[PDB]
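Peer 1: before I ask anything, here's the sequence and the deposited coordinates:
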2 protein chains.
Amino acid sequence: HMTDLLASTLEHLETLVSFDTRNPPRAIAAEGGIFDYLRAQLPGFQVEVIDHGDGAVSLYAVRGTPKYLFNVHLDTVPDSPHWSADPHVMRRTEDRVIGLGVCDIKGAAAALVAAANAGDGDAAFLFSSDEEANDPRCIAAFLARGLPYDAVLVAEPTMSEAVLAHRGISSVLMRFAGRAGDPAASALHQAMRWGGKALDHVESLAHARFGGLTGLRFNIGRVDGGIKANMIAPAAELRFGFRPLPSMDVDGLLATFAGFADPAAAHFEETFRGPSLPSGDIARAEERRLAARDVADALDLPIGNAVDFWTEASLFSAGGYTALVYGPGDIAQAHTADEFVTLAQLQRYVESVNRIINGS
Amino acid sequence: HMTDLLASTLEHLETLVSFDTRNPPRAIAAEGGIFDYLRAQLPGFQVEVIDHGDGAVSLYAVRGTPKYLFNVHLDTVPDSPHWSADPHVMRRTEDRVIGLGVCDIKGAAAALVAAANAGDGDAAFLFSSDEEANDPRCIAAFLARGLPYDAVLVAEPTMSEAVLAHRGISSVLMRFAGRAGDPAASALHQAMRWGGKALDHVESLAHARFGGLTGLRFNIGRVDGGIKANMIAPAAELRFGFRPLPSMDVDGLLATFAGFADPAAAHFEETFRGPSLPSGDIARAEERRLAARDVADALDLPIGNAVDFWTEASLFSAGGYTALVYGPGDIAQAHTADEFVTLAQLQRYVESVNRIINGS
């Protein structure tokens, strides 16, 4: 099945995918490339491109007096391993397209541009380029402008359903150092004891719930230490993360995890923290969620289940905006080799945003 | 202080150290190199050089009808990191020498050769080249010859004291694989739970004792798994070892450690196992130890405390020979950058073996 709106979405998507916006290394410029392309594809919009530095670039486009803001990040995660073809050359099959970012989340950007060119309805777009890694600057800078909007729709793969809540996120780098002064002589033995305590604690939070979400997703993703089997390891690196439910005390959680290290870890660095959506006290979280639900209803968007993954909708929400996550595709394909999104999803999403923007 | 015997020991040691016998890679040949040197420095001895293959070479030399056998391994561990000068160029200060293998254990080989050239007393030497790594062949092959000896003295740094007992040794390679079928999804979480159980078990054996030796020395020396903090790690490698006391059930210990992995480890490989010294039931161990004590007394060697490190004396003992460990230097310098041994230690050891061999 094909429509003019979908065909245009596919043409724009092929172009967007061809632009290298991998982050790292986030080699994104304010001039030329993808932003030059978008500037040329937004008729009737007042456009502004802001270079926040080091690859963090924003394009804020406004046409008319829109009440809603669509935010879409243009950066993608790095490619491979295992891609069967050039990740930057969008491929197409009978029912889907394959390319780096087609699912997360250039497909949404392509659809919004198509809608922008299919009618002159009011619309506000905020394209950023630093969502996939550390050192983000785009959204924080935009929030500092205090621009009014009844709601902000942040694009991420949600199978074209409005998601009103999601977990927060934390990532930590730990370094254990042997204490030759001894049961703590080994940095690896220390890491083992720390890990056992951390996992036990996570288990004690298994009954916490929010919107179908249960427990604390916790993950020790990297451990690297020692050299030989019988040689005492003087050092060990451990990287872990967790995804709190809204209203959970993240500061307290982090301190709890740090305190499980006896002796103290030589290094304990939270490399990133993102709030849950919504965030704050349980009362605030529920009130904010209901507000987002009312916006989704007003926009005729089917409501989807709360998700475990993180999005910048959490930032807009903490900033005082009613916010929701909405985009084509499934998170299951995000960050995968031969990442894909079905034409059905693209079609559903573009028709929906075109309705919001250009519909009667 | 200098003596002719010590001077000769130092000359031979400089030569022995200059021969590259690092293991790995164990690039040791039966022809040329160090074995050609030893063949030329053993007057009056019937000499045989056996190539067991792949760098495992033995030189068995006998003069007269000796009742004791001196075994010295000629291979050394690899050099660096941090050596301040060429590891193969023996350096000398006022009270010591520095070079790869001067302490473990070429110093002993140099002293024995010096003694062999200082008199024509009966003596039997067995120089091997595969003690420092896996795939040993020399000693096993020698034991298969069933040659009678009242005792075998194996050289290792014992500060010139006769050591009659030491721990056994085991090294294991484990691989955990995530089970995407789930609390076991992460190979690192599995490794953490395994480690906690292993350490707890080790603690439960803290009261076992033998010759001043207490507990089970256990060590998780390497852990390598995962890629990113919040990405589920599908695999993880863990290398650990332990050093049992004589009479401990090593087979049972290994199975216990393997059983702590739930689910089962994807890979569990004991890469090396060496018996304790002596080995067998407690009654046998004590009887064998006393026999070694009587030999040390007969040879006028001061008795040293049992050690935690491993030696091939354990192999000779399990083979039916009364065996002991005896050599110059301290294990503290073994395998270290700028490895050294004092002239005092070399002097004490060479005078002792010269007495055993050439003394009235």
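Peer 2: Sure, I can see it. Numbering: from 1, shown residues only, chains lettered A, B, ... in the order given.

Peer 1: need phi/psi at the closest residue to residue A:159 other than its chain neighbours.
Peer 2: In this structure, residue A:159 finds its nearest non-sequential neighbour in residue A:330, 5.5 Å apart by C-beta to C-beta, 6 or more residues apart in numbering or on different chains. All C-beta atoms are positioned from the backbone trio N, CA, C, and that covers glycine. Phi and psi for residue A:330, reported as degrees, to the nearest 10, are phi -120, psi 140.

Peer 1: what about residue A:330, how many residues nearby?
Peer 2: 17 (other C-beta atoms under 10 Å in any protein chain shown).

Peer 1: is residue A:163 in contact with residue A:307, as I believe?
Peer 2: Yes. Using C-beta atoms under 8 Å, residue A:163 is in contact with residue A:307, at 5.5 Å.

Peer 1: who has more neighbours out of the two?
Peer 2: residue A:163 (27 against 22).

Peer 1: quick one: the helices in chain A?
Peer 2: Taking DSSP state H, the helices of chain A run over residues A:4-18, A:33-40, A:106-116, A:138-143, A:187-204, A:250-259, A:282-298, A:313-318, A:343-358.

Peer 1: got a list of contacts for the first one?
Peer 2: Right, the one you point to is helix A:4-18. The contact list for helix A:4-18 (C-beta atoms under 8 Å, 6 or more residues apart in numbering or on different chains) reads A:34, A:37, A:41, A:74, A:88-90, A:92, A:97, A:99-102, A:106-107, A:109-111, A:113-115, A:117-118, A:343, A:346-347, A:350-351, A:354.

Peer 1: switch to 6 Å and redo it
Peer 2: Applying C-beta atoms under 6 Å, 6 or more residues apart in numbering or on different chains, the external contacts of helix A:4-18 come out as A:88, A:90, A:99, A:101, A:106-107, A:109-111, A:113-114, A:118, A:346-347, A:350, A:354.

Peer 1: repeat for the fourth one
Peer 2: Judged by C-beta under 6 Å, 6+ apart, the contacts made with helix A:138-143 from elsewhere in the structure are A:52, A:56, A:58, A:128, A:130, A:312, A:315, A:319.

Peer 1: need the contact list for the fifth one.
Peer 2: Residues near residue A:130 by C-beta under 6 Å, 6+ apart: A:56, A:136, A:138.

Peer 1: report the beta-bridge partners for the residue nearest to the last one when sequence neighbours are not counted.
Peer 2: It stands for residue A:138. Leaving aside its sequence neighbours, residue A:138 sits nearest to residue A:128 (C-beta to C-beta, 6+ apart; 3.6 Å). Residue A:128 has these beta-bridge partners by DSSP bridges: residue A:73.

Peer 1: quick check: domain ranges of chain A?
Peer 2: Per curated CATH domains, the structural domains of chain A span A:1-167+A:276-360, A:168-275.

Peer 1: dump those domains to a markdown table, plus distance to residue B:198.
Peer 2: Converted to a markdown table, these look like this (distance: least, C-beta to C-beta, whole Å):
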| stretch | distance to residue B:198 |
| --- | --- |
| domain A:1-167+A:276-360 | 32 |
| domain A:168-275 | 8 |
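
Peer 1: and of these, who's closest to residue B:218?
Peer 2: domain A:168-275 (8.7 Å; C-beta to C-beta).

Peer 1: ok, the closest one near chain B or not?
Peer 2: Yes. For domain A:168-275 and chain B, the contact criterion (C-beta under 6 Å from any C-beta of the partner chain) is met by A:171, A:188, A:192, A:195-196, A:219-226, A:228-231, A:233, A:239-241.

Peer 1: any chance of a PyMOL selection covering the buried ones in those residues?
Peer 2: Here is the PyMOL command that selects the buried residues among these (16 or more other C-beta atoms under 10 Å in any protein chain shown):
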select buried, chain A and resi 171+188+192+195+196+219+220+221+222+223+225+226+229+230+233+239+240+241
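
Peer 1: strands - which of the residues of domain A:168-275 next to chain B land there?
Peer 2: Judged by DSSP state E, the subset of the residues of domain A:168-275 next to chain B located in strands is A:171, A:219-226, A:239-241.

Peer 1: list the buried ones in stretch A:131-145?
Peer 2: A:131-133, A:136-139, A:142.

Peer 1: got CSV for these, with distance to residue A:274 too?
Peer 2: As requested, the buried residues of stretch A:131-145 are exported to CSV (distance: C-beta to C-beta, whole Å):
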residue, distance to residue A:274
A:131, 10
A:132, 12
A:133, 12
A:136, 9
A:137, 14
A:138, 14
A:139, 11
A:142, 16
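
Peer 1: nearest to chain B among the contacts of helix A:4-18?
Peer 2: Ranked by distance to chain B (C-beta to the nearest C-beta), these are led by residue A:101 at 18.7 Å.

Peer 1: hmm, residue A:76 and that closest one touching each other?
Peer 2: Yes. Using C-beta atoms under 6 Å, residue A:101 is in contact with residue A:76, at 3.8 Å.

Peer 1: identify the contacts common to the two.
Peer 2: Joint contacts of residue A:101 and residue A:76 (C-beta under 6 Å, 6+ apart) do not exist.

Peer 1: picking that back up, single out the most deeply packed of the helices of chain A.
Peer 2: helix A:106-116 (a mean of 28; mean count of other C-beta atoms under 10 Å in any protein chain shown).

Peer 1: just the endpoints, please. Distance across stretch A:218-236?
Peer 2: 20 Å (C-alpha to C-alpha, to the nearest Å).

Peer 1: residue A:302: what's it in contact with?
Peer 2: Neighbours of residue A:302 in contact, by C-beta under 6 Å, 6+ apart: residue A:161.

Peer 1: now it: how far from residue A:344?
Peer 2: Here the criterion is C-beta to C-beta, to the nearest Å. By it, residue A:302 lies 14 Å from residue A:344.

Peer 1: and for residue A:43, the neighbour number?
Peer 2: 9.

Peer 1: how long is stretch A:84-100 end to end?
Peer 2: 12 Å.

Peer 1: equivalent analysis for stretch A:319-330, please.
Peer 2: Rule used - C-alpha to C-alpha; the end-to-end distance of stretch A:319-330 is 27 Å.

Peer 1: in that stretch, which residues are buried?
Peer 2: A:321-330.

Peer 1: re earlier: which one of the buried residues of stretch A:131-145 is nearest chain B?
Peer 2: Using C-beta to the nearest C-beta, the buried residues of stretch A:131-145 come closest to chain B at residue A:133, 11.0 Å.

Peer 1: the closest residue in space to residue A:210 that isn't next to it in sequence: what's it in contact with?
Peer 2: Take residue A:210 and drop its neighbours on the chain: the residue closest to it by C-beta to C-beta, 6+ apart is residue A:245, 4.4 Å away. Contacts for residue A:245 (C-beta under 6 Å, 6+ apart) come out as A:208, A:210, A:213.

Peer 1: and which of those is nearest chain B?
Peer 2: residue A:213 (16.0 Å).

Peer 1: quickly note the distance from the residue most central in space within chain A to chain B.
Peer 2: By C-alpha atoms, centre = their mean, chain A has its centre lying nearest to residue A:311, at 3.6 Å. Note on residue A:311: its distance to chain B, by C-beta to the nearest C-beta, to the nearest Å, is 14 Å.

Peer 1: could you verify my assumption that that residue touches residue A:154?
Peer 2: Yes. Between residue A:311 and residue A:154 there is a contact under C-beta under 6 Å: 5.3 Å.

Peer 1: how far away is the closest residue to residue A:68 other than its chain neighbours from chain B?
Peer 2: Excluding its sequence neighbours, the residue lying closest to residue A:68 (C-beta to C-beta, 6+ apart) is residue A:151, at 5.3 Å. Distance of residue A:151 to chain B, computed by C-beta to the nearest C-beta: 28 Å.

Peer 1: ok, residue A:151 touching residue A:67?
Peer 2: No. The pair residue A:151 / residue A:67 is not scored as a contact, 7.6 Å apart, by C-beta under 6 Å.

Peer 1: wouldn't residue A:278 be in contact with residue A:286 here?
Peer 2: No. If you go by C-beta under 6 Å, residue A:278 and residue A:286 don't touch, sitting 8.3 Å apart.
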